[PDB]
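First comes one chain, alone, set out as structure tokens in the form deposited in one PDB entry.
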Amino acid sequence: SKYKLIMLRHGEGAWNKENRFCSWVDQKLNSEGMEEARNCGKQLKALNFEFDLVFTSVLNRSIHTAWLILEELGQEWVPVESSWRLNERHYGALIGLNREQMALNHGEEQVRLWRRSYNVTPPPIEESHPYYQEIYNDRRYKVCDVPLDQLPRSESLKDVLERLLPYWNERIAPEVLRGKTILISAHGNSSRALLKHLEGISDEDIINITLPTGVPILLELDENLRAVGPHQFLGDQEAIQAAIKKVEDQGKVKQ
């Protein structure tokens, strides 16, 4: 049998235009980001999607994105489950820093590795970090399946997959095998981690995969829950590639 699923990363937030790593900072979507969610909902409605379950991270921007999509579909009653295991990759000390500034300071090559490599680990976030308290003092991280003091302080994409894969295998994949229609409202890198696994993308090739914000990602899996083909982006392909280039360019110096 063949199964289809939808995953996407939420829309824009304030730090997007500012070009700052957001990661675990619980920033809300801005007007534009909310509209992006509604657009995704409208596309899914057009395809007559009837979701059975929705999975999100515990970062409110992914949750609000799901809620907006469900409203566009008139499916607000559909069960939603949120887990830190779908949280965006933890950028550690890099959180809050400007990507272009990092390019000027450390070079475009190093920034590309920090952002897209599989094994490179960002420096861990310190208690002195401006956004440390706001993150680790929140109750949502006191009731995770992992103690507060044991949650990551930074993550390589490999680290993300290691804490995300179990959640996929144990709580999402079973529903897919049951023929349920699932929506995963996630983030840029946590989505890349999942795709790397499902599509069998190599450590080297994953570095060139960049996902645009607020765009439905369609994926078809086979009986062995493996991608039948590469992931596809729903929408105008030219605007999608342009959005991807925009994200890539955030890590480059002006030319």
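For the two forms, the rigid core is made up of the largest set of C-alpha atoms that agree within 1.5 Å on superposition. Residue numbers run from 1 along the displayed sequence.
One more form of this protein, deposited in another entry, exists but is not displayed; see below.
Asks: Just one of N137, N119, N105, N169 has a C-alpha that shifts by 2 Å or more between this form and the one not shown on a rigid core fit; which is it?
Replies: C-alpha shift of at least 2 Å: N105.
Asks: Taking the rigid core as reference, does the Cα of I244 move 2 Å or more between this form and the one not shown?
Replies: The answer is yes; the displacement is at least 2 Å.
Asks: Hey, the CA atoms of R112 and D205 end up closer or farther in that other deposited form than in the shown form, with the change being 3 Å or more?
Replies: Farther is correct, given that in that other deposited form the C-alpha spacing of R112 to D205 is increased by at least 3 Å.
Asks: Regarding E109 and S202, go with closer or farther for their CA spacing in that other deposited form versus this form, the difference being 3 Å or more.
Replies: Pair moves farther apart in that other deposited form.
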